[PDB]
């Protein structure tokens, strides 16, 4: 159960940035993914096969999102995680694009589009997060 929509949809993001700042700080791909609900090409993401210990953060606002301990590589075209660093970090939206229903995931502080979540992950959580590398930055442990 969840109220559907990003904090941009709900008009209540805690963190905001000017477009001038966003355009000069983000690459065009990072901007398109996080600001226009884009998806990075499969197998081209910088963090798809990254295994270093550390924390993945929102590329836009720097809020921590995922711990390296929860990352796994099984052959998906994009980074995959078992769990979010804490329940407050991500917001959910019902997504009906491409002729299917998915649950889209966004940063709860600035509203950046991140990826999608699926209900078929192993225990304990039962979840699997498919996340665009272009939506993340990485801080080594």
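Numbering follows the first chain given and starts at 1.
Relative to its counterpart among 26 to 34 and 95 to 103, 95 to 103 has the higher mean temperature factor, C-alpha atoms as listed in the PDB entry. On average the C-alpha atoms of 71 to 79 have higher B-factors than those of the other stretch, with 52 to 60 and 71 to 79 being the two compared. Residue-level temperature factors show residue 89 in the highest third of its chain, judged at the C-alpha atom.
The entry lists a Cα temperature factor for residue 129 that places it in the lowest third of the chain's modelled residues. For residue 141, the recorded CA B-factor ranks within the highest third of the chain. Only modelled residues enter the ranking.
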